[PDB]
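Chemist: Quick mapping for you: the protein sequence lines, in order, are chains V, C, B, H, X and W. Note that the first sequence covers residues 4 to 331 in the working numbering. Note that the second sequence covers residues 6 to 338 in the working numbering. Note that the third sequence covers residues 6 to 338 in the working numbering. Note that the fourth sequence covers residues 4 to 331 in the working numbering. Note that the fifth sequence covers residues 6 to 338 in the working numbering. Note that the sixth sequence covers residues 4 to 331 in the working numbering. Idealized CB from N, CA, C, for every residue including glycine. First the structure, then my questions, so here it is.
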Amino acid sequence: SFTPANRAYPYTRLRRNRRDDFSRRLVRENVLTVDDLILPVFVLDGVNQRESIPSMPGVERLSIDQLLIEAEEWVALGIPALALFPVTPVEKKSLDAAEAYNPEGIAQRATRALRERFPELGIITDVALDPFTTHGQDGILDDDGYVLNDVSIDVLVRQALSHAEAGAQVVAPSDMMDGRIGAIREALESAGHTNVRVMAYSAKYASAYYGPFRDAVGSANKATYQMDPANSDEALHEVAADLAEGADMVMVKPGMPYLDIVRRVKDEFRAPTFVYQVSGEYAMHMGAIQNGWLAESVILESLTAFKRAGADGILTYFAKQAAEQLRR
Amino acid sequence: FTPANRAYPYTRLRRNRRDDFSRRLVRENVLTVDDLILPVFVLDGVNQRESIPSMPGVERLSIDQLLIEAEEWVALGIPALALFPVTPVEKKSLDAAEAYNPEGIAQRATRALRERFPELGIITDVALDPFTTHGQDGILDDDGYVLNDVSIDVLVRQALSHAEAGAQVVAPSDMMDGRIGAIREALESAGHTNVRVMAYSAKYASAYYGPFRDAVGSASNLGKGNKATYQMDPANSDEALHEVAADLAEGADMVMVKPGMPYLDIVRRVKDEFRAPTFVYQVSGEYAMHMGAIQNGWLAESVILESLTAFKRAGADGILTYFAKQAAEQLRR
Amino acid sequence: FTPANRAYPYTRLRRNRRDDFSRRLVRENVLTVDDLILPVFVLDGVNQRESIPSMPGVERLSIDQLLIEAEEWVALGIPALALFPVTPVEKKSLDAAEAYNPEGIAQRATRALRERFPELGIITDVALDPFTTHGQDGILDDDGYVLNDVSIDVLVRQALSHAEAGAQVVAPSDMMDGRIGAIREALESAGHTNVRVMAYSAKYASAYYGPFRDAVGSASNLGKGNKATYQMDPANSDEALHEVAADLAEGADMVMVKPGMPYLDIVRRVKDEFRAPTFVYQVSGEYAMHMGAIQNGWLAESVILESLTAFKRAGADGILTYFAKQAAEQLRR
Amino acid sequence: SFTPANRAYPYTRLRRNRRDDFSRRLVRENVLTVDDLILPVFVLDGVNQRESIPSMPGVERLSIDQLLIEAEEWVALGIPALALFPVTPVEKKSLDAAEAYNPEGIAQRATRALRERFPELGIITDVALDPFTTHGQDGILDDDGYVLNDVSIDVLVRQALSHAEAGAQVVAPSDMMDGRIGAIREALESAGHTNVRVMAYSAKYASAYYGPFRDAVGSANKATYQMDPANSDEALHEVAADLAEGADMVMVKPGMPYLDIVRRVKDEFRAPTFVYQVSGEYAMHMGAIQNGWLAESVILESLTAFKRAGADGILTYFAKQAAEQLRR
Amino acid sequence: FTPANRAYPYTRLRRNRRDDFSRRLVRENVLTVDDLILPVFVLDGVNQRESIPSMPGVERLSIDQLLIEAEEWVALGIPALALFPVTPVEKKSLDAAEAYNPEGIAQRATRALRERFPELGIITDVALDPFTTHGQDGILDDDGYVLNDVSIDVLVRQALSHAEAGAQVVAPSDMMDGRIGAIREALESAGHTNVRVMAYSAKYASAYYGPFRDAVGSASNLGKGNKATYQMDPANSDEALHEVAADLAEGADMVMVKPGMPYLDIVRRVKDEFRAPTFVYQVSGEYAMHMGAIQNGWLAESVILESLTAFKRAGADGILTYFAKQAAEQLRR
Amino acid sequence: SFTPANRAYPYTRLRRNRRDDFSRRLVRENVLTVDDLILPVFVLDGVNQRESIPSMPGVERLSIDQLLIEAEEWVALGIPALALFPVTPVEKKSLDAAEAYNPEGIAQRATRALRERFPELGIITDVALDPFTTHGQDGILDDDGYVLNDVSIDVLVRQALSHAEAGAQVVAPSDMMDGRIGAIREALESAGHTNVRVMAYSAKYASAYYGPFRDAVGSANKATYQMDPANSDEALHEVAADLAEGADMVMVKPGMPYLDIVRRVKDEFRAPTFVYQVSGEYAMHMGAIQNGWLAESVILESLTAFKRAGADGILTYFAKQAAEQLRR
Ligand SMILES: [Mg+2]
Ligand SMILES: [Mg+2]
Ligand SMILES: [Mg+2]
Ligand SMILES: [Mg+2]
Ligand SMILES: [Mg+2]
Ligand SMILES: [Mg+2]
């Protein structure tokens, strides 16, 4: 609620608290810390390998050995968690997305390796069929090319179970099938994975901002499962279902173009609330900074926005650069 | 909000997403051309057009060229322009006198447009930053601090001069405390009964204004200077409601949040709490980052309408956007 | 709040508690050094340091010693000090004239600090209790009652003298009705445009101020006297909202609850209803009880940060705390 | 909600009602009475025994015969209920916490004795494994030393049933296992203990304020079941679950450092709401009073705080001293 | 309110009802003697006591007898009396001049009580109905309508006279628009800084005042007259919030609902919306109906405390009740 | 919600609308009509019989033939419903309350008679064991004299079914057993009584105002099932359960001493909300009117109070007198 309390110029001058650095610090409503940051990482199949991504300047795909080397620095910076995104070899893609639950799939191998080397580092796996399907569709298709809901869930459940077996502390379904959070929850509980967190992509929109991601993972209609950008009330129904179904955290994706959604979600549910600053937001920002059009300070500014809007944690490709700025 | 015990599989939220016709029926918000305001950079002189490297596709234009281009903006149905003059270097001063010159660029441009296109809205910029040698939004004391009340005296003269030139809307972008009331009191006194005041109510001390400062040429004046003693801390949300409340008490006809996309949560809170006409500026840095990504082939041209739909969804009534023409074109077609 | 039908075993709230990394991600509030204000007891004279038996570890300091100690407070990043002068006995009077002496301890200390540490916030104490022979916060009528409006006249002189000495913030701790408005009107008139007024809005007639009254030396003056005709009844919560509402209407830049931990529910209500910068005093008695338990080995040193985290969680923007240095040290390390 | 109603100085002078004792009494919002008070008591195994506790000055551990003697005075003062805390002999501690449900365990014996002698006195037993485990962990441990949730619940249920058999009118689970209120409720109902109250420790924090208690009971990580002190929204989810699960009362612990939590709980749920002024709060206050740093009046002041914040009842080591002050 | 999915048999609300100790723990409200105000009918003369047939057990008393009885009211801890004078017939007039007579019964009684019992609260009645020949609460125009502003002029004189006699609280029971502000402005001007104003804010045009009109002797004056042009329509609830809002804006220290039990829903709305000190009058008709039933053996004496507990539960801070002594006796024992 | 809208004297003068009868009528917020009225009636076992009740002046007990004669007038006045209260012969009272479900019990006979003669008249039967138990206890007793919850429900269900069989359109459980609304609902549905309304006595208080009723029915502790008069929040939990359990209407009893409860119930649930102006409220009012202490107008005034507080219907012994005043 809001009560203006009859405040009026000149008795009230809001510039007074702005006058000095010390008073600005005292009244500052929100601060970003490294504990708000999650780093998404693109993981290759090989050894001794890194690759640059044309539409995501400065982001590398890394083989698992290279991932372990870089995680030393991420852990030193205090980054609490990584979000793993495998770059599936084309030979391993299929109509049935079976690679999703392969015990020696990239995500499963990367998870085992990280859990052993850095036991305190959070590993959030991606529960999703798009990296494993022949054309990059987000699930199993019917004769009309429609992504079947419940049949896709069956595969997502096997995948989530395989991640839990590999040691993942958090599984993060990014698929937008109806009811999948509940299905995954019933399977994790039945299997005795009682502490495995489910970070639901609850209000994920049918967005043009995912363009560069598809270059990153090598996966390059969605309006039949991802949300219409026009819709806000609908996001509340999505999150309400996911919390009833057992999610430990709920996410809004994309991020900055949906800050109003972050605010409403946090205000209405008062649950742990996450947001993804996606590949397109990263690319636009990094592009402008590299062109000398925007100052490097826009990085923190965009991240501060998430905190102010109500987010508990941010999946961001800027995580390491932000961590280094926060530290010094 | 009441969830009403809705539960899978009785409730499957993909059912409404199944077909175009049903997505359309349930669609919560739609952008139209009546939501669009085009900011324009206005040069002195005749037959002048200048590219802006940090705003690819945007041109500074002399008044003659402005009048020509406005034919298609009007044909597109764009309801209003926000004018931003590019002050010649020699007209910048300590006292910012050029702000209220009846022969200033902003004043000349307003008279020309009001005569040529009587139905087109003209929103003038009330601000001293285009006219100061230091590039700060007001008059400095001997410590280099921007004096609040003394700066308002100049802003008042400026707003009065815009009303005299025929501007239907004056928009104070300065972030002085109390200037909405001061300007409103001056307009009323002078008989400018229906001149609208579009307050920049919750304008943040942001890094996203870089390309604009290049465009109007205040970048070299400002140098490394900042506006943290008047523009708002990016961290602060509750404070925005206090800013808006005062501007409404002071007589604003419209209230605005700036920047736009990095502050959509502020747009939402402001529309929810006050239920007043609420405006948002998609600023130069926002424009530049989208255009850069599009020209690189990193983002599809559809992001333009996606970014604008967000403002509508968040609660905005109108959007100042350098994409206005491209958007109106795409909405028309 | 909507529970969203969450139910065991689908919802197990221990899952987020399982690992340090996930506890960290979901952590709702974190104390930083920018939340801390250090109250300091200031003696007259030179090279003076005095222990306080009821506040183990806290020293009264002369200005010279204050300036030395402040080097490490600034190095620690502590944003502000709240100054509390220890008035010599012979300077106490019926009329509390010493309150506005330009050569009073508070005034001398402010000038010295503002010159030495220009970025350090100085919050002065607007109050007559250090200066009266009876120890009450104002001027007595012939029934021994603290006169409201006549006391304000003195508080106004005092606040003006602090502004003249350079104090960025004046903090009226007196609990006279209407004094925020009176002081604000005086500051504005005199041109002190940006001097902040941190109102002690909801200050309770509490027993937890004992050690402070010892520290500043008002204990012997007050004797068995009480402040129930001005400070608030501990029983009353709704009344705090009326106190805050008035202080905001009167121009306060910040509003404060005192004491702190025994009144966390008041902090919560005040931040929830007004959404204004909200401050809380962890008072001398609170300090003393924690330090006593720690020195006895009854409570671990971690209670310090636990007690301060509570203020943040409850809604406080800033905390006046005698633990500021120990806390800043522990946050730094 | 709040409406300021345009009240303004000098028309409004809030000191007017403060002018006189009579008007202060008329407008006084909250009062503490003895019916708000619950006395926690430390119960020894022997006969003819009392012991002092170094970190809780003035508090005695008492054998059951001594407990019955002292309860005469507590009953005379009108104290409605005791909260029993057994001091387990070290020979009776085990990995399996079996002493928790022993029909002749201290708590069970004390309960039978009190129920017979003072039939109108409320007896609130502590449902908890920490007094009965070899090292004082709050439940049954896995190989990694993690407190297993559901397996601990099994023992807590047997304990709660044994308390109900002994005659306890209220059982009070202080363990912070997920779902235990529901488990205890299903067992009490199945067993025909239909009027046995469950007072849930709903929002119990991982606190440094419990130090002296561990000296009192002879039990001297918790962040994996007790709440992070930083978290407020989370307390609402905890209480919502406990009410759905069948709790008759909900509690916040510790007390004064969490008054904001008391306020939110009472405001949101409007259910019987309890608060524990824990051993550390008692010790700090009593210490300062004994040192001559704080006046005895801080006792009432701290207790009045609970009432004002929304608490229906307070577990306090000051109960008897407060009862004597309230009476005269 | 959130039901939190509570469901039989997991939730059995009789469990807390099972034992006295648990009912006590969960008990939401408890009446104490500090909630009680005793209205008293005061006669002229010496050694006068008169029974009231319609208020069985209540006596009109001369000042001397009042002073004697007050010894036990004070011993019982009753915080305040509300004085109601029984004006001699010959002192009633068109102009209600007796209202402000310094030697009126109300004024004499106040002086006597303030001297004898300095800690006892005295609430005087600001109203013209005891003093008019027609029995209406003010001055009539030539159509027989009660003039609003002209009546306030008299009420102001009356309130001033009560403040002069030493009354700590004046209570305007007249229901003129704006009289709270008028009286407050007069008190402030004259230096009566701390005289409380207990507004009868939402006082209904009720039939339950019959026995009171007999008690003070205004019944024969009023005859068949009604007060529907000033007292509120019994049908109206929303209107009460507008009445209260104005009285608070005008400076009331306490707001009151009258009658009491037939208007408990109004007590609840008023306390919920404003969170101010809220008072309720258990009127003469309410007293009479309870006492009649008790004396008939139709209702047990326990209804007295039940009826008073209701006011507390509904949100009242204090209750004017002719049962004050019987209640204080029963609470004491 | 409430917004004062800065209204201020003298621009705002609330007496303006009060100036004239016409403007008072236009702005009048609530009106009582006969459709708000329910008449409770005391029904005797015999023929050709009426009896006066000492503590309820002007109220008669009536045999069924006399009830049918009087109902002609009640129906002519437009009174929508009667609430039947049998006066059980002492020979028919028992420990097991079997008379409660007797097909030829007074309530069942009265119901059949009225349903046949006046098919449009609402008949609300009382579901309750107190008229049928040996000493007037509100249910079946254990060895300690405690009213057993679930075992009493079994009898209440058989009674409710017998009322439904007799033709009653509404059954009204006045017992305050936990969960009885649900039990009665499951039985009515199973038995095919799908349109039988259940009017729950949801927030019924342990009150002294029931004194004269006990004289009326010949039935002359309750704190273990009826609510503590001190408790308001608790009434919300009571009504929430009864609506979840299937009640078509919810009631607050007693009436005028609980108008705040009526207001909260209607505000929070927005469901059909009833209130009982009980025998003690009737007696106090009628007593004062007969003594010449209060004018007859207090009857309407008290009834108007119910409407204003949020009640949809009022059980009142004044129903006929009020109906005649409303008509003319
Ligand atoms: Mg979904
Ligand atoms: Mg502003
Ligand atoms: Mg104040
Ligand atoms: Mg729990
Ligand atoms: Mg009025
Ligand atoms: Mg019930």
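Tell me whether the beta-carbon of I42/C lies closer than 7 Å to the beta-carbon of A220/C.
Modeler: Their beta carbons are not under 7 Å apart, which means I42/C does not touch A220/C by this criterion.
Chemist: Identify the continuous alpha helix (DSSP H) that holds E278/X and give its terminal residues.
Modeler: 269-279
Chemist: Nearest by alpha-carbon distance to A333/X: which of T7/X, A80/X, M60/X, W303/X is it?
Modeler: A80/X
Chemist: Answer with yes or no whether the minimum CB distance from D158/B to chain X is below 7 Å.
Modeler: no
Chemist: Enumerated in chain order, which unbroken segments of the alpha helix (DSSP H) with a length of 4 residues or greater are wholly contained in the stretch 48-119 of chain V?
Modeler: 67-80
Chemist: So, for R119/X: in the same chain, excluding its five sequence neighbours on each side, which residues have a beta-carbon less than 6 Å away from its beta-carbon?
Modeler: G171
Chemist: Does the distance from the C-beta atom of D251/V to that of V301/V stay below 7 Å?
Modeler: no
Chemist: By the 7 Å beta-carbon criterion, what residues does the stretch 23-55 of chain V contribute toward chain B?
Modeler: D23, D24, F25, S26, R28, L29, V30, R31, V34, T36, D38
Chemist: Evaluate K317/C with the Cβ neighbour count: other Cβ atoms within 10 Å of its Cβ, from every protein chain shown; 16 or more gives buried, anything less gives exposed.
Modeler: buried
Chemist: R22/H and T234/B - do their beta-carbons sit closer together than 7 Å?
Modeler: yes
Chemist: Could you tell me whether the Cβ atoms of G290/B and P216/B are closer together than 7 Å?
Modeler: Closer than 7 Å, so yes.
Chemist: Please check the pair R183/V and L239/H, which I expect to be a contact at CB under 8 Å, by giving their CB distance rounded to whole angstroms.
Modeler: Not really, about 26 Å apart at Cβ, beyond 8 Å.
Chemist: Would you be able to state if there are at least three C-beta pairs under 8 Å between the stretch 24-39 of chain W and the stretch 267-283 of chain X?
Modeler: no
Chemist: Compare the C-alpha of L99/C against each of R19/C, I271/C, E169/C, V159/C and name the closest.
Modeler: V159/C
Chemist: Taking 7 Å as the CB-CB limit, is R274/X close to chain B?
Modeler: Taking Cβ atoms only, chain B never reaches closer than 7 Å to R274/X, which makes this a no.
Chemist: Check distances from the C-beta atoms of the stretch 271-289 of chain V to those of chain H and list, in chain order, the residues that come in under 8 Å.
Modeler: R273, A274
Chemist: What is the C-beta distance between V174/C and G126/C, in whole angstroms, given that I count them as a contact (C-beta under 8 Å)?
Modeler: Distance from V174/C to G126/C at the Cβ level is roughly 6 Å; contact confirmed, criterion being Cβ atoms closer than 8 Å.
Chemist: Applying a beta-carbon distance threshold of less than 8 Å, which residues of chain V neighbour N153/C?
Modeler: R16, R18
Chemist: Under a CB-based cut-off of 7 Å, is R10/V close to chain B?
Modeler: yes
Chemist: For a contact defined as C-beta to C-beta under 7 Å, what are the partners of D238/X on chain W?
Modeler: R27, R31
Chemist: Tell me whether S178/C sits in a helix, a strand or coil according to DSSP, three-state version.
Modeler: coil
Chemist: Consider the Cβ of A220/X: report whether some Cβ of chain W lies at a distance smaller than 7 Å.
Modeler: no
Chemist: Tell me, to the nearest whole angstrom, how far the beta carbon of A312/H is from that of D270/B; I am working on the premise that it is less than 8 Å.
Modeler: 4 Å
Chemist: How is the alpha helix (DSSP H) around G185/W delimited, first residue to last?
Modeler: 183-193
Chemist: Rounded to the nearest angstrom, how far is the Cβ of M289/W from that of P60/W, given a contact under 8 Å?
Modeler: 5 Å
Chemist: Mind pulling the chain X residues with CB within less than 8 Å of residue 341/H?
Modeler: Any answer about residue 341/H is impossible in this case: the structure gives chain H only from 4 up to 331.
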